[PDB]
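Single-letter residue listing:
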Amino acid sequence: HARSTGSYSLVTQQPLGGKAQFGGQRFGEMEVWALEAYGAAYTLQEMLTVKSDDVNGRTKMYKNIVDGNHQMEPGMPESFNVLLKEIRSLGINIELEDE
Amino acid sequence: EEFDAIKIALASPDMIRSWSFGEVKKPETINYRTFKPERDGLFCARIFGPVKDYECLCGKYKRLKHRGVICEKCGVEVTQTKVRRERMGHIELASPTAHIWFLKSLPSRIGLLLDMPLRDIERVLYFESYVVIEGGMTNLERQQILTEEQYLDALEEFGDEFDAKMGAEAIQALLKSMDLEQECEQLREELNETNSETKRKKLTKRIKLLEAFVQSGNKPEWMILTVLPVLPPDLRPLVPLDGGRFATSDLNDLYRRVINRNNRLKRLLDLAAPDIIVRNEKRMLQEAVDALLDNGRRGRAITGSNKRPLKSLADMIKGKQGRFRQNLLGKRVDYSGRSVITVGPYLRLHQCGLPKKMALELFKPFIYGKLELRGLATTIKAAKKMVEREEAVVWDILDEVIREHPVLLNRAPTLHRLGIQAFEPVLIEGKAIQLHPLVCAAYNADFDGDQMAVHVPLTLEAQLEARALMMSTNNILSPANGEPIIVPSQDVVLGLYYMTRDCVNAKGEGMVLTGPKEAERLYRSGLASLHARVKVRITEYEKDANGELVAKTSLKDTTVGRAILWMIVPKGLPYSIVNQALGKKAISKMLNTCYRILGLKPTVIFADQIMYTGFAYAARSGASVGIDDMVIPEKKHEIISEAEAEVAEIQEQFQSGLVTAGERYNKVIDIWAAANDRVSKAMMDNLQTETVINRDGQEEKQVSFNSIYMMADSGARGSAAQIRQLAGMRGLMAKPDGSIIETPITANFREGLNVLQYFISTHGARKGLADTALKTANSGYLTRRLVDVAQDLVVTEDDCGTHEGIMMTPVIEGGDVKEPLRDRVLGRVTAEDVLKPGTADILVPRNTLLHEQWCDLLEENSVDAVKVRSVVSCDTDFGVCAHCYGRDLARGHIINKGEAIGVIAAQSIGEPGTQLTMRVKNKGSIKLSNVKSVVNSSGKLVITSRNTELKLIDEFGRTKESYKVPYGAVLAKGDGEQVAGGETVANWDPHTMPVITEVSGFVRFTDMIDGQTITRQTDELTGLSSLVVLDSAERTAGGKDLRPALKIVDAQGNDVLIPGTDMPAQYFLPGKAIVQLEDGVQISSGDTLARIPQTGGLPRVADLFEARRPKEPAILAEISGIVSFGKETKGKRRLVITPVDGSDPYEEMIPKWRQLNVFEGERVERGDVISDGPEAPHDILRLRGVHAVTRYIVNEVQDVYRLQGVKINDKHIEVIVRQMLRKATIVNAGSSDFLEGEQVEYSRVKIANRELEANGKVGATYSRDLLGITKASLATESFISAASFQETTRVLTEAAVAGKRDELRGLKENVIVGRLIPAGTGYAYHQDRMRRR
Amino acid sequence: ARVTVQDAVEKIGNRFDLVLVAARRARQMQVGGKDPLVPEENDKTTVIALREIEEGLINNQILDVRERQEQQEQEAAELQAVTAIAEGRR
DNA sequence: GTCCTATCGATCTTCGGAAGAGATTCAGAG
DNA sequence: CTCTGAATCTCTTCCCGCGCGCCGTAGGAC
Ligand SMILES: [Zn+2]
Ligand SMILES: [Zn+2]
């Protein structure tokens, strides 16, 4: 099985998982550790923002790849924002900071 | 939004109202027939956002032309529907409600703040009893909870001069009444009022909480929820299923319950329901909010199915299925796939074959990017269609796109970094992924149906990073040790072993060949045999010291196979490497030497050529295996027939009563073991002897070409323990309880095993399988703990400038050395000027890396101890200096600045975790060091040291031997005698501990009475007895306080004094003693007064890293001086340690059953052992120093791997140790603003003391505290990493009340927020950002 | 094609800085593509960059030199355009 | 039959997990 | 009379991918 682009999950916009569904392989925590074992940071940033989570970014990446530019704009993984809402639904005010 | 920090704190109710866009009132979402969202519900359109993409619900506007306007037919605002997933609402509770988290954390934060027990606060909150507030002129305290009968009393005893509320309202009034700062000042002065250390510690916790609440902007009532925000609906969809039904949503139902209960409460309060009813409704509402928040912390979780409890918000936050480990740290990625792998031997080391279909389905956009660029397709609409058409031109497009684009291959489970690698792909017709043979070792990839995944790197930097860091050819050395990961495969080594072997008489023997090429031609013409002995003119190149090859040619006596192989070895090596029958060991070093000399680029091609030649000539070998090849030595039947008979004799003794039960067992099993050894030796000898050949005359034997023998000897598969079971005897077995079977499995698999033998074998087989299945999980858990404790460390500076370090010596234990010095010290930098053996002459500079040449130079000298810099001792704040870490084991040079050492070390420790188990010898010179003995009747050292250990400078002046001569041992071989191996060095009583005197003189039972302190035993064996001393437990104070003493007496009133010593020869007796030298007996020096008679694999390291205290704590003595007893053992004994200049009464309670290494007058020091058994890493650090605890940890964690044969570089452990003691506890607050006694991060305390001493003010004094990994991971100052690990429901409150702020330093936090990690190329970017600032 | 990158690593004394420099050069050669300083072999810009580095004709300093000079040329054309605009208005 | 409100608001939720550590209660005595 | 020991309670933790298969609010009132 192999997946380029297809269905995306609703609560978090990560791609679906499975064969009967047009899903992609899960990049587990052990794989993240192995990538960090090398100095690969751009690889990780792509793998966890553009390929999977940042909805606006993964389209601008698609356009650049078709255009032959091969440059990504990571933005921010939507799942993290979901987490923030999930914590903000409690009595916790967690927020980003400028400085 | 761009950000640089994350701040967590309590949310004020008006802040919640600021979050909200509306107040949800009706607990309905959508109609059950129409799919429109009901207004003022959980899915209200005007509250959270419109459902339609860009249209309002009422349909008044369906265009961007009306974007941002407000309709008045339904009330929904028209904009992008995505905002619907961001807007929140809020429910205004009809009455206050306590936040469940803050009520029932590990401590009770609300309880701690009010200093009110959790049981009582819970009793109040659930409306069980009143609590008096503003008690005024009443005998009712500040809180003073009171029951309903008590309230009924107060209702008439007093009027309204008291107020007694119920539930959270009373707690809110208490919170609203908290004069926090004045309270903290009072408690911090009351702290000095008492020393109750069973209360001072919790008082420090309470004041710390008060200070944290004072400093933060948080206010007490914020612990009580008043407005509960609702999650945006798009995060909790009511998705439909097959048919007109919508899938059940847990949070939606929890919110529905809460809304219904609260609306009922409002209705009643409007209609003035009686107090009892409203109290019950308020209790139900509080419990429903509890179920919404942290369902399960209630008495019982609610469910809407077959007892499947509903997941709450806190359930969605934490857990293995929670967001943190399910969606943030690891997320599914597009442009990836998986397939079943297969071996393609034709591939180069840097290539991999992928199916055409997978390539087309992964590189689709790149193909579009060519169809437009080629102009062959109009746009995407036609490009996708053409790709679907699988046009023959599309394959030319794919063959052009895929030309130089790496693909990542990732078998899972990827324990170590070598499990993910980049490969240049090549199209293959089939559907399996073609993998290279030499790489499969790194993946641990057996091709018996093993799936593997591919990921396509898209951006430019990703491609470059794959080619530069993750390429197969860039990972030829293992990062865990100086070991190649391209170690030749099982089949290839068999081929080389078969090719280079030599036979006595063979075709084409003895001639002269003019060169390797002519040899090869001869073989291919069939005129010569491969194993034929021949003389070929060989030519070799050796690069000089400067680096230019020098050609030398000679005639060489060798074999045809070796001459053929020499055509592949590169032009830099000596012929002596190929002039031997190569095996999995001998070849490996060969390859390593190539990497040592030629370089990476020659090495990779040499490895590929070795693989090719090995495969070809192994195919030519045709080394089949058959039943004819398993040989049973003919003598075996006799070896059985005798050995069993011997057991019969051991049985006959048992048949005669001449032996005990156990002795029969331990004689039979030993005889069977000896028989098994004899059978195995005869079988091996026959296997090697089975070949004898005629060399032109007279038969001569030689090494055997038996298939099994070549498989075993080449090291491919099937070692001695396998061939022994296949051709010797299966041998003994063990029961599930571990007992050795008295009747071994006398058969071997070539012969048939009978039914009982097989049933016996099943015990071991299933035990091993279950061991594997259970240990495969604990290994992974250990890996996770290691990565989450060490994720932070990165080499972020070149030189720290420190000069300390740790001294490396060869491991000498159990006599002979178990590992050399070179292994320890290779690849580190010197701590200070290495010196020449002798005096006043240095040998190596003070900060030079000890690479291979300097390691050889040191081994050339007699240097045993070398101090080298270590990662633990580096003085770099929030990072590690490069010089301490030293060599990058995967590169050979010093480690670059920016590498994430922490994850590498964690993987290095955790990779072999599935290999563990979850269930005088040579002549030398005598070097007693640590000697604290005296002299006896021979003077052979009256061993008075619980330390003395004699070492052994070898014939090369090298300590190759040493151990601990126990107290009371007699040193036969002492004072530096030279003694040969096997000649008794010293003697000991293996059963009892003897006590000995120093002087020779008369004695009396001083202050001893028969019956009171000794028992008049008879010694029924003879009738003449040695008196038995009464214990402290077998006698009361009339015998406990009458402690036995055997003080030596003389006519002068004092004993012969040692110069400068006034101590009389006072000696005593402990319990269980047996003493013969009674009153009137002359005891000589060295005479024994009396005698007193008396582990794991993976867990042994898992508990070591967690720093668990031992079940049997070997008590180490502290400070110094001479020990004493206090009062005797009642409940548990009490002792005292006296230093004249020191705590003369350093007291300490002691267990009774633990025998003591000191009795009443033994000189003691900090760390001195009072009892045997394992020590405590915490105590070791506190008493012997950081270097000492580091050495203990490294050696005791290496003794587990050395036993199991796993080799891991010692440095990989020290990094973890650096993480364990990253915290320090303040001793004196000093001029620092730190608390009097507090645990602060050691980096912060060190930097503060640095600037303070720079200004000349009193720097803080601290003790570095050893925290176990499981806790040190959660103890960090960055709450995101801790909360991502475990106990999130606790950390997310503890940090909340503290008003914590995260700087996002570290790898895990940056991975969560989706930015570049502060390591590698990310470190380069961050460093550029900080330098350009 | 490149099987190893050891020579460039010896040139740019860091495994990581080589990645970033090659990223800079290959990005230049790809979008607004400057022609490379090495004969092509139908390669992707990535490998061509790693070809140029091994020839020792591209690094951080050289790229910064080129960038600064290119910026100066772009500012120089600005002065001529501003002056010509000022002359034409009179 | 469809459409509504609500949870064993006259039970018994499973005993066949280890363990590891804090927290919370209780002794022998100063 | 309550101070340091233990002693008993609750809370939390347990490798990782793949691939199916099925199953998925309830009772009673208008
Ligand atoms: Zn509308
Ligand atoms: Zn350092």
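As documented in the archive entry, the model was determined using cryo-EM at 3.3 Å resolution.

Engineer: Looking at this structure, how should I read helix 25 (residues 636–656) of chain B?
Structural biologist: Within an α-helix, residues lying three or four positions from one another point in the same direction, as the helix has 3.6 residues per turn. Residues and elements named next belong to chain B. Here helix 25 spans 30 Å end to end across 21 residues, near enough to the 30 Å set by a 1.5 Å rise per residue. What helix 25 keeps buried is the set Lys636, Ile639, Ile640, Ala643, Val647 and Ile650. Projection of helix 25 onto a plane perpendicular to its axis shows the buried side chains occupying an angular sector of 100°, all on one side. For helix 25, exposure combined with an orientation more than 90 degrees from the buried face picks out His637, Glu638, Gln655 and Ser656. Here the buried face of helix 25 lies against helix 26 (661–689). Once helix 25 finishes, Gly657 follows within two positions and takes phi at roughly 75°, a positive value.

Engineer: I tried to follow the interface of chain A and chain B on my own but got confused; where do I start?
Structural biologist: Bring the parts together and some accessible area is lost; that lost area is often taken as the interface size. At the junction of the two partners, chain A supplies 72 residues and chain B supplies 104 residues. Of all residues in chain A, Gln25, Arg26 and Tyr38 of chain A bury the most surface against chain B, accounting for 10% of the area lost on that side. Here chain A is connected to chain B by seven salt bridges. Close ionic contact of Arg85 of chain B with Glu78 of chain A constitutes a salt bridge, the shortest N to O distance being 2.3 Å. Applying the counting criterion to the chain A and chain B interface returns 40 residue pairs in polar contact. Of all the elements in the fold, those that place two or more residues in the side of chain A that touches chain B are strand 1 (2–3), strand 2 (26–27), helix 1 (29–37), helix 2 (42–50), helix 3 (55–67), helix 4 (78–88) and strand 3 (92–97) of chain A.

Engineer: Is there a simple way to think about the protein's contact with DNA strand D in this case?
Structural biologist: All names here are of chain B. Around DNA strand D sit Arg257, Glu1106 and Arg1108, and those are all the residues in its vicinity. The share of sugar and phosphate among atoms of DNA strand D within 4 Å of the protein is 55%. In this structure, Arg257 approaches DNA strand D through a side-chain N or O atom, which is 3.4 Å from a base oxygen. Between DNA strand D and the protein, one listed contact pairs a sugar or linking oxygen with a side-chain N or O atom of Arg1108 at 2.8 Å.

Engineer: So what exactly am I meant to see when it comes to the sheet that holds strand 2 (residues 20–23) of chain B here?
Structural biologist: Consider a sheet: its strands pair through backbone hydrogen bonds, and that pairing is either parallel or antiparallel. Residue and element names in this part refer to chain B. The strand order 2-3-7 describes an open sheet built from three strands, whose pairing is mixed. Across the chains shown, the open sheet's two edge strands, defined by having one partner strand only, are strand 2 and strand 7 (224–230). Adjacent strand axes in the sheet meet at a mean angle of 45°, parallel and antiparallel pairs treated alike. Across two bridges, strand 2 lies against strand 3 (residues 88–98) in parallel orientation.

Engineer: Would you mind going over the coordination of the zinc ion (ligand 2) with me for this structure?
Structural biologist: By definition of the ideal shapes, a tetrahedral metal site with four donors has angles of 109.5 degrees and an octahedral site with six donors has angles of 90 or 180 degrees. All names here are of chain B. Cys800 (SG), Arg869 (NH2), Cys874 (SG), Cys881 (SG) and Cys884 (SG) make up the full set of protein donors to the zinc ion (ligand 2), lying at 2.6 to 2.8 Å. Written as a sequence motif, the donor arrangement for the zinc ion (ligand 2) is C-x68-R-x4-C-x6-C-x2-C. Here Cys884 lies in helix 32 (residues 882–885) and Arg869 lies in the loop between strand 26 (866–868) and strand 27 (880–881), a separation of 15 residues in the sequence.

Engineer: Help me out: how do you make sense of the packing of aromatic side chains in this one?
Structural biologist: Two aromatic rings are characterised by how far apart their centres lie and by the angle between their planes. Residues and elements named next belong to chain B. In total, this model carries nine aromatic pairs over all chains according to the counting rule given. Centroid distance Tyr32 to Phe246: 5.8 Å. Interplanar angle 75°. Geometry classified as edge-to-face. Residue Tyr32 is located in the loop between strand 2 and helix 2 (45–48), and its partner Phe246 is located in the loop between strand 7 and helix 10 (250–271); the two are separated by 214 residues in the primary sequence. Between the aromatic rings of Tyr130 and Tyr151, the centroid separation amounts to 3.8 Å while the plane-to-plane angle is 20°, which identifies the pairing as stacked. Here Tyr151 lies in helix 6 (residues 148–157) and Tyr130 lies in strand 4 (residues 130–133), a separation of 21 residues in the sequence. What makes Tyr130 buried here is its relative accessible area of 10%. A connected cluster of aromatic rings, assembled from ring pairs, spans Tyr32, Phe35 and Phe246. The ring of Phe21 has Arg87 sitting right over it, with the charged end atom 5.6 Å from the ring centre. The cationic tip of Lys571 hangs over the ring face of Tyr541; the distance from NZ or CZ to the ring centre is 5.8 Å.

Reading the values: rules and limits
Residues numbered from 1 in each chain as written, not as in the entry; some residues may be left out. Chains lettered and ligands numbered in written order. Part of a larger assembly, values for the part shown. Heavy atoms only, no water. Helix = DSSP H or I, 4+ residues; strand = E, 2+ residues; numbered from the N terminus. Expected span 1.5 Å × (residues − 1). Buried < 20%, exposed > 50% of the residue type's maximum accessible area, 1.4 Å probe, protein only. Arc of directions from axis to C-beta. Contact = heavy atoms within 4.5 Å. Buried area = accessible area lost by both parts, 1.4 Å probe. Salt bridge = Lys/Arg side-chain N within 4 Å of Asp/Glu carboxyl O. Polar contact = N/O pair within 3.5 Å; in protein donor to acceptor, adjacent residues only side chain to side chain. Near = heavy atom within 4 Å. Pairing = 2+ DSSP bridges. Axes fitted to C-alpha atoms, helices over the stretch in contact; angles between N-to-C directions. Donors = N, O, S within 2.8 Å, 3.2 Å for Na, K, Ca; no water. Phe/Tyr/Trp six-rings, centres within 6.5 Å; stacked < 30°, edge-to-face > 60°. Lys NZ or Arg CZ within 6 Å of the ring centre and 35° of its normal.

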